[PDB]
Amino acid sequence: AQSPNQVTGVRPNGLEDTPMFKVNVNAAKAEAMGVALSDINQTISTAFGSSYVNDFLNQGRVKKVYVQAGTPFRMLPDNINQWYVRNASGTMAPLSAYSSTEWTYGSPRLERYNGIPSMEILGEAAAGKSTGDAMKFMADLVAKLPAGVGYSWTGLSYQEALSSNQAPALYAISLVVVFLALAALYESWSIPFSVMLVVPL
Amino acid sequence: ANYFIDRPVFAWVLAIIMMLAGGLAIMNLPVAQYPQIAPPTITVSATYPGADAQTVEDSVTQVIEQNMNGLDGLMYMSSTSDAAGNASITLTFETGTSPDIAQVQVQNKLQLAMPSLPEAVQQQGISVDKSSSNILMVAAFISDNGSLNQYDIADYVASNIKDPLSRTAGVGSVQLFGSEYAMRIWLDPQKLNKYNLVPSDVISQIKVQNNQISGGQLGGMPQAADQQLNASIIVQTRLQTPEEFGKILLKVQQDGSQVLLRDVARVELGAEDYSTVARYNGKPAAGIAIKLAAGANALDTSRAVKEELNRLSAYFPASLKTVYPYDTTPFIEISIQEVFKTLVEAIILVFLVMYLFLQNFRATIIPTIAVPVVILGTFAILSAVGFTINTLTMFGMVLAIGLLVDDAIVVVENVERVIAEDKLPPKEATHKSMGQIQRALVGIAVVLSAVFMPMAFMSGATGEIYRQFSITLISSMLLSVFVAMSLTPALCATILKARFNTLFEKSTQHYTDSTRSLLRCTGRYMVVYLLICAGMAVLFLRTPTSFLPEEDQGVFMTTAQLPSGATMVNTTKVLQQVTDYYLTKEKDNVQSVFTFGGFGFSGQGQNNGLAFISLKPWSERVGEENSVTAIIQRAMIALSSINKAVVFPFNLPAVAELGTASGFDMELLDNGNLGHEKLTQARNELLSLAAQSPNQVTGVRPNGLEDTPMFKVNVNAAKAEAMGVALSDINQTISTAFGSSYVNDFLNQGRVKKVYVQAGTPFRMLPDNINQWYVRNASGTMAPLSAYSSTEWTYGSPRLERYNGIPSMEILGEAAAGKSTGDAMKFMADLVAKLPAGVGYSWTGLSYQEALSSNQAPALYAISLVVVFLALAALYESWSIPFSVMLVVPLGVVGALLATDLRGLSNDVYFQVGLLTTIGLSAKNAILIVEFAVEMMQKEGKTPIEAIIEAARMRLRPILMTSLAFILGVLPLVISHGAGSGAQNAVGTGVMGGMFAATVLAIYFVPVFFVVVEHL
Amino acid sequence: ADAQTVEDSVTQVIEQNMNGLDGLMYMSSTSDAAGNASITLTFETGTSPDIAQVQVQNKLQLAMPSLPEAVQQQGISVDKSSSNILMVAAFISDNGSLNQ
Amino acid sequence: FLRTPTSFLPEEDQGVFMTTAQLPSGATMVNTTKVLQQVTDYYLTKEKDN
């Protein structure tokens, strides 16, 4: 970002870390009162997640059936206080009794490249500069990073690097081929040498 | 054609293009020890933890078999059900079938059949695998002193080594010899009884508490207006430590004390599969086999794999070393080096023959640069037609070298002779000589192509090897003809300029006067010829038949088998004795011993063991006392006193496809409806009827285990139901206690591992242990399992086999001293017919190949002979002239047969191809002589006798030069007795004994044949 | 499921088996907080898409037993089509009778 | 030749292009819809000629 004359609009192609909610269920207290941990987990998962139950028919097409809590009852961390779990004797006990809530942090999207963790980065080249110059500048910048991080070119950059690397060998092979063709066509080694001196012109 | 003589620059440009294309081909051409020889096979593997052989066969094997239909190119299918709970079905497909298509078809069929299988085998997952067995490296990892056991090494190599590999350029498949980690929970019947618990409760609590719960989202959609919060919810995560598993709450007592898993069981990070003990030189170890890819370079792949292992060695925990048993790179490198050395020595010998006969350095120059151009062009053609660089193709190149030498020698000698006489300038002499031998060269090319085609047009495993050899020879031949017709004339026109002599002149005069004395009573020699012909027949009836000579691969294999019902303690002791012997009595030769106890060749079991012995390099073992065959023949004597094992050493086959070229593989299908006992009765009637006649079959033996004692538990369902105990609970507690119980998966350091529940060791070792387990009533009271159950001892099969959906026995055997394989297969056939009514037989594996393609080579060679005769008739423009050429190649084959008999070798593939090359060269010489005679009859107005004598006189020198060059070019092959000496010795013997007899017989026998055929 | 749960179980289990392919150039993978694993294997030019898909689905069933339930129930999609949109066709309502 | 810049393929005017809007982490769709409506109303008003 502090070198706008070579690369512009460098941005990450990913999502940044976000706060996440954690619920800790006291299995010991739940078993002491009589409610089951499976019931608590299923209640939470169905209330705040979803539950694909069955298929039904609509206008002659098979569609899915989903069970979820209402919109007002899954918007806030305090809404967990509103849910109840049935005991083994039939009495209902609040879910807020045998539970504790807290906040942590976590990444909403994890990316991997060739089997190792990675972060995709996009960006354009500045006015006047080319894609190759931007690629070289990016490689130089990555070289100035903490030890242990590397860089890989992917997508269009892969093909660009391959073409730029493989062009001169193609030039040399084409020159050799045309030289040999001239030597074969005109039975002399003087004509090819007198002709191949014009290529630089 | 002849217009290249006027344009040397065109010929030089063509040579440069050929050399550049050859260099490009060598730069990127796959290399390997052998190509794909075996027909594609697909292996289906299923695991039933704790099941028996009969249970596996009834549940998994039969169900998978019944759905194995609709597969294209299927040849046969064989299934095995073990006593460890393993079902393995191998389906063999026809050669040429795409392995990926066959694999996907088998996988789809099994995928549709999956719901019919029990849940226990669905949980494990049935694996469908391609099979090529082109193992490149068997690199293993060892712990130095005692720190890391076999399971720690196996888990580390599974989680931090396999994934860095399997993605290296040229690596196709990585297979592991070991078991990863698992969460082993060892139950205690007394602790379970104290708390009134059963294994079902433990399994249920593990399933509910080692769970991943999808919490959902706070916020989410649909959401209310002005919502500003949206986060994920975490409820539960899968456990990841043994201590976490030990805190799993099972029940809460009325007192209030919490009952945990650790209160009733021992939780430990153990192994998934405990039934294998892998030791390297006596120390725990785990290994990996790398299987290479298609289109990859076996040299750079090996170098990159070694580099990656060296890089990862810095991350090893402690005292972890990487050894490399069975590396096949040295043999490929040796083959390439031998090919290059043979080429260089052949070039030097050609130079010596030229500056011994012709006495002109300019003459010696031309072949020296002609041969490498053709070799490089052959490499380019091999790359173009999609062929890899293996031992067979390189050996075909080795023979091709002499094939090229012959053409270069004849062309240059003819040009030099036409310069020597008639006082012609080099250009006009080149034009004349090329006019003389153009049609002869074209006819020679066509004849040799027709000769080499039958090897190309074969079928089976042998057909692929013959394809490699024939393609290499044909490409080299055609390119040599093109080069001798394009470049060599131009070089002769441009480069050439206008003691031994006395001896050669005297020899020519001797041949002339011998022919003058002969050609008057040819009839004598006529019948004499028949005598040699007769001898050839008997010779062809004496040489033994073998597929490929066994080579000094540097590794060999020893199998130890305990009698029956023997635990792994005795097998481990036996393997320890074996490795101690191999390491203290052969320390100079043997480098390492890799012993796998609990896994044999006849099936996995506790009474089996295998050992791979790796030897020192050939540079450290020299002579016959330090050879593989001698080493195993010394070890067999010492290991016969192993005290209650059937330990037996042997050498690895040259190719994993097959060995024992004399043995046979047959399966005795039961058919009908007779059971396992009535089939083993037939199998016992045989191996005895066959043993009563040892003049045809020697080693008739069964490839399978025999009946073993088994424990039977009879549960009184009525008594249990009367007492309130459910039969399901009784059947589940025993199964979970004695066999493993796979519960679910957990996360170890980010990798998914299994959780298993089983009883502790001291509680599942004796029949009395079943008296220690209790089951809960419906009222909550525990009662012993010994009340509703009784115990009994029966007999049962620890390994069942099926062939094509029918029970089989797979009685593999061997051939007699000399009886051929076909006679053995025709004896065991109708030996099965003497067996009781109901049974039948099938030939599988090797005997299958010699059951569908048998009368093929005679037809191919008859067609080849007809094509050769037609080509000769077209060349000579007559119907009787070709016979005088066709009746000479037996003289070529007779000497090769005699020499091979003298050396004591067998009818190897290398011998066959060398014999074909010698026949081709003899035919070429005869064709040239007869062409010169026919020309001197057409023009110059001469009788058939004087023409043939003068043609023989003219062509004596090139024949001698080519014979000397080829004979001395294969001389080092015979004298070689080191690494890669089998094929080398075979080709040396064949070529050296064929070429000399061919030339010696032909140079005298051509005129008499010519005059006899012309008279008739 | 969360992003970490998917990336640990599903993404990594499937990715651990995509090794022995024919002309694999490179493999990328994403795991989302909406419960989505998006492995993508880019092969060499000239490779047959049918053969590549066959190999990928052959190696996927070596990891399918290790995948958790509610992931096999929904289904594993193996697609050999292009990864870039060719054309988008939207549908609207003139007056506004039908909603989204 | 050593001073000329390298590239792969020149950029073209295909008649269509894209816009990506990314809100701070932890935001809801109530704000993303407003941001996307702002983008739409800018494109349809300040660039209605193209």
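These residue numbers are counts, starting from 1, taken along the chain as shown.
So how was this one determined? The header says electron microscopy, 3.3 Å.
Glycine too: its Cβ is placed from the backbone N, Cα and C atoms.
Swiss-Prot annotations:
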TRANSMEM  B:9-27  transmembrane segment
TOPO_DOM  B:28-338  topological domain 'Periplasmic'
TRANSMEM  B:339-358  transmembrane segment
TOPO_DOM  B:359-364  topological domain 'Cytoplasmic'
TRANSMEM  B:365-384  transmembrane segment
TOPO_DOM  B:385-390  topological domain 'Periplasmic'
TRANSMEM  B:391-412  transmembrane segment
TOPO_DOM  B:413-440  topological domain 'Cytoplasmic'
TRANSMEM  B:441-459  transmembrane segment
TOPO_DOM  B:460-472  topological domain 'Periplasmic'
TRANSMEM  B:473-495  transmembrane segment
TRANSMEM  B:523-541  transmembrane segment
TRANSMEM  B:857-876  transmembrane segment
TOPO_DOM  B:877-882  topological domain 'Cytoplasmic'
TRANSMEM  B:883-902  transmembrane segment
TOPO_DOM  B:903-908  topological domain 'Periplasmic'
TRANSMEM  B:909-930  transmembrane segment
TOPO_DOM  B:931-958  topological domain 'Cytoplasmic'
TRANSMEM  B:959-977  transmembrane segment
TOPO_DOM  B:978-990  topological domain 'Periplasmic'
TRANSMEM  B:991-1013  transmembrane segment
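Contact between the transmembrane segment (B:339-358) and the transmembrane segment (B:391-412) is present: at least three CB pairs lie under 8 Å, with pairs separated by 6 or more positions in sequence. Beyond its flanks by at least six residues, the topological domain 'Periplasmic' (B:385-390) meets 29-35, 332, 336, 468, 471-472, 475 of its own chain at Cβ-Cβ distances under 8 Å. Beyond the topological domain 'Periplasmic' (B:903-908), the same-chain residues lying 6 or more positions past its ends with a Cβ under 8 Å from any Cβ of the stretch are 543-549, 974, 982-983, 985-986, 989, 993. Most Cβ pairs under 8 A with the transmembrane segment (B:857-876) among the ranges B:391-412, B:473-495, B:523-541, B:883-902, B:959-977 are made by B:883-902. DSSP places the residues of the topological domain 'Periplasmic' (B:460-472) in helix, strand and coil in these numbers: 12 helix, 0 strand, 1 coil. By number of Cβ pairs under 8 Å, the transmembrane segment (B:473-495) is matched best by B:365-384 from the list B:365-384, B:883-902, B:909-930, B:959-977. In the topological domain 'Cytoplasmic' (B:931-958), the DSSP tally of helix, strand and coil residues is 23 helix, 0 strand, 5 coil. DSSP labels the residues of the topological domain 'Cytoplasmic' (B:413-440) in these numbers: 22 helix, 0 strand, 6 coil. Sequence-distant contacts of the topological domain 'Cytoplasmic' (B:877-882), counting only residues of its own chain at least 6 positions beyond either end whose CB sits under 8 Å from a CB of the stretch, comprise 869, 930, 934, 1013-1014, 1016.
Counting residues 6+ beyond its ends, the topological domain 'Cytoplasmic' (B:359-364) has Cβ neighbours under 8 Å at 350-351, 412, 416, 495-497 in the same chain. Only residues 6 or more beyond the boundaries of the topological domain 'Cytoplasmic' (B:413-440), in the same chain, are considered here, and those with a CB under 8 A from a CB of the stretch are 1-2, 5, 357-358, 360, 363, 485, 489, 492-494, 496-498, 875, 927-928, 931-932, 935, 954, 957-958, 961.
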